[PDB]
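Following: one structure in structure tokens, then a few remarks.
FYI, side chains are in, hydrogens and waters are out, and symmetry mates aren't considered; it's all heavy atoms of this structure. Order of the sequence lines fixes the chain letters, A, B, ..., with proteins taken first and strands second; residue numbering starts at 1 for each chain.
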Amino acid sequence: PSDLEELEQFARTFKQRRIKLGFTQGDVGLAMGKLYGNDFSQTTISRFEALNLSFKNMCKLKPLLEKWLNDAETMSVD
Amino acid sequence: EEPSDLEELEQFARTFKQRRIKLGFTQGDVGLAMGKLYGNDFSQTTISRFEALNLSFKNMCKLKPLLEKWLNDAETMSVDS
Amino acid sequence: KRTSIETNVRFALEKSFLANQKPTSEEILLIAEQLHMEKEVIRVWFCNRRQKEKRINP
Amino acid sequence: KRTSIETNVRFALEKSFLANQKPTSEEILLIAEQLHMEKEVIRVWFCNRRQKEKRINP
DNA sequence: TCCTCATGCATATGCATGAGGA
DNA sequence: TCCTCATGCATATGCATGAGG
Ligand SMILES: [Br-]
């Protein structure tokens with residue numbers, strides 16, 4: 001609940017969830033650009049999953065990656 | 001498997017790297033050009049391993065002539081431009 | 001389901017390679033059982049470790 | 001366009017960071033004089049090592 | 001899937017850029 | 001005229017695949 005623990009957990013769960021969907025780090029960066037306008041690089045995704053980014057930049061990316069996960073995990077659900 | 005063959009591989013690997021960088025090609029650019037030049041594309045990983053000799057002697061010897069033709073063609077296009 | 005090797009597991013697998021570079025399918029199963037890993041991950045690791053040893057520069 | 005550090009130069013360059021994490025423009029130039037790198041190669045290295053220290057993980 | 005052999009996807013990261021504030 | 005900050009190109013490599021013995 002500390003908010004830093006919220007980012008840690010979300011970053012860990014994002015990795016496992018990205019891998020379950022069969023998406024590369026680079027595919028996420030591109031899908032976000034087409035879906036939300038600004039694309040990101042495989043390097044930026046990799047750093048997010050490993051918490052190699054500032055707490056300010058980790059907070060800026062979370063909601064973007066959060067929206068993308070909702071769309072990708074419901075590809076099969078009619 | 002003579003040692004002069006191993007020194008020929010060392011020397012050329014150094015010469016290929018410096019010349020690739022002088023010509024302004026990425027390792028990935030080489031991998032793509034050869035697909036168009038020889039039909040068989042190669043990956044950034046294989047180019048990297050070649051420049052550092054992270055490959056078997058047998059593997060090195062088969063790639064050297066391929067990479068050599070590409071470099072020779074590139075070294076004459078850059079002196080014409 | 002990606003498989004990554006723990007740092008200390010990698011040292012253990014290296015220690016066994018320096019002792020025996022080519023284990024049998026049975027030994028692979030016992031190493032995998034002792035390390036609680038899929039047998040193919042150990043099977044492939046020993047293949048790659050042999051290959052890299054036959055490089056001009058490992 | 002990238003310039004790469006041998007390895008032992010990086011250890012000495014790391015030792016300088018641990019001594020002074022924020023050197024002045026003069027110190028960076030003398031650090032480069034002691035090592036061999038360009039003066040701007042060293043300015044940026046200290047920038048990134050400061051950045052890396054300001055991360056959640058490293 | 002048991003080996004060798006040639007090869008690469010996917011990833012981690014060293015070095016860099018540039019916009020923006022002292 | 002150096003810093004901070006967000007960001008990435010380029011490269012190295014861990015684990016893998018598949019063709020063939
Ligand atoms: Br063991």
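Between B/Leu66 atom CG and E/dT7 atom P the separation is 9 Å, expressed in whole Å. Spacing between atom CG of B/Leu32 and atom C1' of F/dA10 amounts to 14 Å, rounded to whole angstrom units. Here F/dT7 presents its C1' atom at 9 Å from CG of A/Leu53, a figure rounded to the nearest Å. C/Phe17 places its CZ atom 14 Å from the P atom of F/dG14, with the value rounded to the nearest Å. Rounding to whole angstrom units, NZ of residue D/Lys22 and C1' of F/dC5 are separated by 13 Å. Separating the CE atom of D/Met37 from the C1' atom of E/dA16 is a distance of 15 Å, rounded to the nearest angstrom. When the P atom of F/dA16 is taken as reference, atom NZ of C/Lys39 falls 11 Å away, rounded to whole Å. With rounding to whole Å, C/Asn48 atom CG is found 13 Å from E/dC3 atom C1'.
For C/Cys47, the side-chain atoms get nearest to E/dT4 when compared with the rest of E/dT4, F/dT4, F/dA6. Side-chain proximity of B/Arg49 to the nucleotides E/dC2, E/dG8, E/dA16 is greatest for E/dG8. Considering only the side chain of D/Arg2, F/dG8 comes nearest among F/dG8, F/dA12, E/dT7. When distances run from any side-chain atom of C/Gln51 to the nucleotides E/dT7, F/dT4, E/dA10, the shortest one goes to E/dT7.
Counting any heavy atom pair closer than 4.0 Å across all strands shown, B/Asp29 reaches no nucleic acid atom. Residue-level contact check: B/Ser56 touches the backbone only, with heavy atoms under 4.0 Å from sugar-phosphate atoms and none from bases. Here D/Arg50 lies in heavy-atom contact (under 4.0 Å) with sugar-phosphate atoms only. Among the heavy atoms of the strands lying under 4.0 Å from A/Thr43 is at least one base atom, whether or not backbone atoms are also near. The residue C/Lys52 sits apart from the nucleic acid: no heavy atom pair falls under 4.0 Å. Here B/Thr26 lies in heavy-atom contact (under 4.0 Å) with sugar-phosphate atoms only. In this structure, A/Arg18 reaches the sugar-phosphate backbone alone: every heavy-atom distance under 4.0 Å involves primed, P, OP1 or OP2 atoms, never a base.
Among residues two or more places apart in sequence or in another chain, the side chain to side chain donor-acceptor pair (under 3.5 Å) test is passed with A/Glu66 by none. With sequence neighbours excluded, the residues satisfying side chain to side chain donor-acceptor pair (under 3.5 Å) with C/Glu53 are C/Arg49.
Counted by atom type alone, C/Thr24 and C/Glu27 present one or more donor-acceptor pairs between their side chains at under 3.5 Å.
A close approach under 4.0 Å does not occur between any side-chain nitrogen or oxygen of C/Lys54 and OP1 or OP2 of E/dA6. When the side-chain nitrogen and oxygen atoms of B/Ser48 are compared with OP1 and OP2 of F/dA12, one or more of them lie within a distance under 4.0 Å. In this structure, A/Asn57 reaches the F/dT7 phosphate: one of its side-chain N or O atoms is under 4.0 Å from OP1 or OP2. For the pair B/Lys62 and E/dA6, the criterion of a side-chain N or O lying under 4.0 Å from OP1 or OP2 is not met. An OP1 or OP2 oxygen of F/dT11 is reached within less than 4.0 angstrom by no side-chain nitrogen or oxygen of B/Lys17. One finds a side-chain N or O of C/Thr3 lying less than 4.0 angstrom from the OP1 or OP2 phosphate oxygen of F/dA16.
In terms of heavy atoms, D/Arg55 sits closest to A/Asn52 at NE-O, 3.1 Å. In this structure, A/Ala11 and A/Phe48 approach most closely via the heavy-atom pair CB-O, 3.7 Å.
Summary of the strand contacts: B/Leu63 and A/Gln25 both lie near DNA chain E, and taking for each the nucleotide with the nearest heavy atom, the more 5' one is attributed to B/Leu63. When each of A/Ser41 and B/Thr46 is assigned the nucleotide of DNA chain F with its nearest heavy atom, A/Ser41 is the one assigned upstream, toward the 5' end. For C/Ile5 and A/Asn52, each mapped to the nucleotide of DNA chain F holding its nearest heavy atom, the one lying further toward the 5' end belongs to A/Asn52.
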Side-chain donor-acceptor contacts of residues 21-31 of chain A below 3.5 Å, not counting sequence neighbours, with atom names and distances?
{"residue": "A/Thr24", "atom": "OG1", "partner": "A/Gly26", "partner atom": "N", "Å": "3.4"}
{"residue": "A/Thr24", "atom": "OG1", "partner": "A/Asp27", "partner atom": "N", "Å": "2.9"}
{"residue": "A/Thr24", "atom": "OG1", "partner": "A/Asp27", "partner atom": "OD2", "Å": "2.9"}
{"residue": "A/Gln25", "atom": "OE1", "partner": "A/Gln42", "partner atom": "NE2", "Å": "2.9"}
{"residue": "A/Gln25", "atom": "NE2", "partner": "A/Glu49", "partner atom": "OE1", "Å": "3.1"}

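Put simply, the side chain of C/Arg49 and the base of F/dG14 share no donor and acceptor less than 3.5 Å apart. In terms of polar N and O atoms assigned as donor or acceptor, the side chain of A/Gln42 comes within less than 3.5 Å of the base of E/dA12 in a complementary pairing.
Within a 6.0 Å sphere centred on NZ of B/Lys64, other residues, nucleotides and ligands contribute more than 12 heavy atoms. Around atom CZ of D/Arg50, more than 12 heavy atoms belonging to other residues, nucleotides or ligands sit under 6.0 Å away.
Taking a pair as Watson-Crick or G-U wobble with both distances under 3.5 Å, DNA chain F forms stems of 3 or more consecutive pairs at E:2-22 with F:1-21.
Taking the six-membered ring wherever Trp is involved, the centroid distance between the rings of B/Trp70 and B/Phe16 falls below 6.0 Å.
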Worked verdict on B/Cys61 versus B/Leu9 for side chain to side chain contact (heavy atoms under 4.5 Å, CB included): CA-CA 8 Å; B/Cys61 281; B/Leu9 270 305; 4.0 Å; yes

C/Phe17 vs C/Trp45, side chain to side chain contact (heavy atoms under 4.5 Å, CB included): CA-CA, chis, key distance, verdict: CA-CA 10 Å; C/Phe17 175 83; C/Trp45 187 95; 4.2 Å; yes

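Pairs passing the salt bridge (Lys or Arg N to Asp or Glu O under 4.0 Å) check and including a residue from residues 38-48 of chain B, sequence neighbours excluded, do not occur.
DNA chain F is contacted by no residue of residues 33-40 of chain B, taking any non-hydrogen atom closer than 4.0 Å.
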